[PDB]
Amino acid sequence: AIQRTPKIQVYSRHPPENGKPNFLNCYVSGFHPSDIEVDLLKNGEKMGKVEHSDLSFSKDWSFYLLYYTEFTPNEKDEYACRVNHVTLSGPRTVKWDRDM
């Protein structure tokens, strides 16, 4: 079996503005096999009501998924995505950068 490590991007749907409702996205891609754990985190805590896209894959057979939830960003709050996969030594946490 050829295994592949997930790529991870954490970002918002629309340009973030404090006080305005928005969507927080965690796009994981390029991984194999398909079993994967993905959490969206608010100040280190797992957010509820996180949905995800239907499992699909790319030309090279690697899988991708979008995990997403409503959020309203501000100055106070820190957001992140934590991903676990058999290819990782432990979960990988990527912080939300409002400029990426």
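All residue numbers refer to positions in the sequence shown, first residue = 1.
- Comparing 30-38 with 67-75, the higher mean C-alpha B-factor in the PDB entry belongs to 67-75.
- On average the C-alpha atoms of 42-50 have higher B-factors than those of the other stretch, with 56-64 and 42-50 being the two compared.
- Ranked within its chain, residue 89 lands in the highest third, by CA B factor from the PDB record.
- Looking at the C-alpha B-factors along this chain, the one for residue 12 belongs to the middle third.
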